[PDB]
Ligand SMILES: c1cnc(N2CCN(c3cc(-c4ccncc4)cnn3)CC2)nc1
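Presented below, as structure tokens, is a lone chain in the form deposited without the ligand.
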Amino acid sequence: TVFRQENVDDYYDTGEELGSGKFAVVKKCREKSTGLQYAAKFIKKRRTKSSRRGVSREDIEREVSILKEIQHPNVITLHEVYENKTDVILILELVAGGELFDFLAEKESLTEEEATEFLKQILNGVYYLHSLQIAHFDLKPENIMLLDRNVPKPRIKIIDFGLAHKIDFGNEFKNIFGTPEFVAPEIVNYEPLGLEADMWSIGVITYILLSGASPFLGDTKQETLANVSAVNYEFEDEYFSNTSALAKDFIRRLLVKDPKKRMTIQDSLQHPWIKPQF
């Protein structure tokens, strides 16, 4: 698929830097014709077929097609796509309240109500994605953004579809590996992956929301991954003593090694706590 090859600077003005990783940088921007503001994600292209630097065209096209399919209040919205020799530039919905990661760092520990208020929005967004057989594969606090961080109950959107895949055969067996603290045992063990991997990541995020602590984190990436594969976590009394037993039940049913026995997204919405790298 070919994207718009006009110079993005003829149509947008860029400003503050919003985010960035290994091969992408995100800048706030404003569309000249409308005055509307967006987030421009500049993704570095591969320079040669066999290179390891940059993102492959196949990977870029897959993220773009996924983004084009989705429209839901709890997921980011793609506006348009440009490209040049060096980058593909995705013009995305601007989510200006920052990462849930930074919100959690800056603020005092969360109440169980504040935690579920964020969690319910994540579950609604993942329910939408899983309904379309889209596995995100990289759910974590850095990939959840707030619309406005100063309201008591901030609204959120899931972002960064760079590892997302359509799962039309129940599972995918590709080069797919996210951030060690959040990946499921099947990712760690290089086994076929499905929607279940997202549900594990949800359990990890829930544990962090309630406690401020990461359940599998070790002193090195290998220790984290070893802990994930062995399901080596526990609910520390110091962190969980006033957390309800039903909250712990929820996490327990997600942090399950066998993907077949793990709660699905529909199970998670019916659960009594909720129901109304080298």
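From 1 onward, residues are counted along the sequence shown.
There is another form of the same protein, the form solved in complex with the ligand; it is not shown, and what comes next is about it.
- The candidate spot formed by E196, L255 and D267 is out of contact with the ligand in the deposited complex: none of the three has a heavy atom within 4.5 Å.
- In short, of 93-101, 201-209, 168-176, 107-115 it is 93-101 that has heavy atoms within 4.5 Å of the ligand in the deposited complex.
- When the ligand is considered in the deposited complex, only one residue from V88, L119, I159, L129 comes within 4.5 Å through any heavy atom, namely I159.
- Between the options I134, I76, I187, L123, the residue in contact with the ligand in the deposited complex by a heavy atom within 4.5 angstroms is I76.
- Of the heavy atoms in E191, none are within 4.5 Å of the ligand in the deposited complex.
- In the deposited complex, the ligand sits beyond 4.5 Å of every heavy atom of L139.
- Residue contact check for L18: one or more of its heavy atoms lie within 4.5 Å of the ligand in the deposited complex.
- Shown alone here, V183 lies farther than 4.5 Å from the ligand in the deposited complex, counting heavy atoms only.
- Of all the residues from 34-73, those having a non-hydrogen atom no more than 4.5 Å from the ligand in the deposited complex are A39, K41.
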